[PDB]
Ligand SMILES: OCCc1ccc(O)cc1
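Form deposited without the ligand, single chain, as structure tokens, below.
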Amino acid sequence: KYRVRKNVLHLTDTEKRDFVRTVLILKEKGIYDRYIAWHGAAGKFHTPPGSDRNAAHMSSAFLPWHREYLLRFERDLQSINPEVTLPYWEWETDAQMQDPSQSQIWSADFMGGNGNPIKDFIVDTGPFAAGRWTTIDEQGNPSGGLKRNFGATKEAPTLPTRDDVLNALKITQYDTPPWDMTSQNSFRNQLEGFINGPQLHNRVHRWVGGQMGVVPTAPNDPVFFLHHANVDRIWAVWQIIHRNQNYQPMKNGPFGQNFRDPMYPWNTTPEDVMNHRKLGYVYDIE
């Protein structure tokens, strides 16, 4: 209830600089790669095998899984610099922009810009440009560096809007059977973005393109964590009015998705991360 995750647009120049340095050092230390790997590994743990659910997506644990993911990432940041928290990318505000690629998250100070169409959409500006930041592929081996291609596909030309978020916050059920990408009247599936898809979460990945555009490589882009901080904040808001609306399935869902099941690759259950205050952080505007 103490560490403050701020809007990226509210970070000072110094905070932007100190976040970048901390990420770059986590990368240098070999710790960043753990997060890419953890996320890829969860995508091949299906609940159960034969289904299209997995531990981290496409089912109920999507939200607690990434909250734990971000919680551990932030602790790793804090061990380098105890004054650094994970900011969030309020994309729904950027979607108001005439050209959201002009948002300050994309400044050379911070995330760097869209990919260069002349250079196969390689990101060539910012602290994660090719040459300053290595990437790995899905199989875990070295890759070609950061790629981005904002709004390039016809199904996600734009970012999710504020209205897309307000509509999601109105869903009263955390999730609904069969706890997958076809769940109706489900906050989890609304936010993940499978109704009228791709929307919300799914639509951000599709919008950003590059490595963020294919899930198993998405954390190669630091903006991945800023994106998921915003998703986690939006879940946190849902938990203030739908406070107590808790989690489903409580039981008798696939193993790995129930309230007290471990979320692969960890032992943490959804229950363990239900209250973000007890996890030690708050969002600003909370």
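Take the two forms, find the largest set of C-alpha atoms that superpose within 1.5 Å, and that set is the rigid core. Residues that one form lacks are left out of the comparison. From 1 onward, residues are counted along the sequence shown.
Another form exists, solved in complex with the ligand; not displayed. Remarks below refer to it.
- [ ] Check the shown form for clashes with the ligand: superpose the C-alphas around the site so the partner sits as in the deposited bound form, and report blocked if 3 or more ligand atoms are within 2.4 Å of backbone or C-beta atoms, open if none are.
- [x] Blocked, going by where the ligand lands after superposition on the site C-alphas.
Open item on the list: With the partner left out here, check for me: in the deposited bound form, does some heavy atom of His205 sit within 4.5 Å of the ligand?
Closed with: Close contact exists here: in the deposited bound form, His205 approaches the ligand to within 4.5 Å, heavy atoms only.
Open item on the list: Taking any heavy atom pair closer than or equal to 4.5 Å as contact, tell me whether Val214 reaches the ligand in the deposited bound form.
Closed with: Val214: yes, in contact with the ligand in the deposited bound form.
- [ ] State yes or no: in the deposited bound form, is some non-hydrogen atom of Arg188 no more than 4.5 angstroms from a non-hydrogen atom of the ligand?
- [x] No, no contact at 4.5 Å.
TODO: Classify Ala218 as contacting or not contacting the ligand in the deposited bound form by the rule of any non-hydrogen atom within 4.5 angstroms, answering yes or no.
DONE: Yes, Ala218 is a contact residue.
Open item on the list: Taking 4.5 angstroms as the heavy atom distance cut-off, pick the stretch from 172 to 180, 205 to 213, 126 to 134, 141 to 149 that is near the ligand in the deposited bound form.
Closed with: One stretch meets the cut-off, namely 205 to 213.
Task: Non-hydrogen atom within 4.5 Å of the ligand in the deposited bound form for each of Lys6, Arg67 and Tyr281 - done: Looking in the deposited bound form, the three residues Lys6, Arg67 and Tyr281 all stay beyond 4.5 Å of the ligand (heavy atoms).
TODO: Sequence order please: the residues of 29 to 44 with a heavy atom within 4.5 Å of the ligand in the deposited bound form.
DONE: The one in contact is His39.
Task: Stretches between this form and the one not shown where the CA atoms of at least 3 consecutive shared residues shift 2 Å or more, core fixed - done: Core-superposed, just one run shifting 2 Å or more comes out: 242 to 246.
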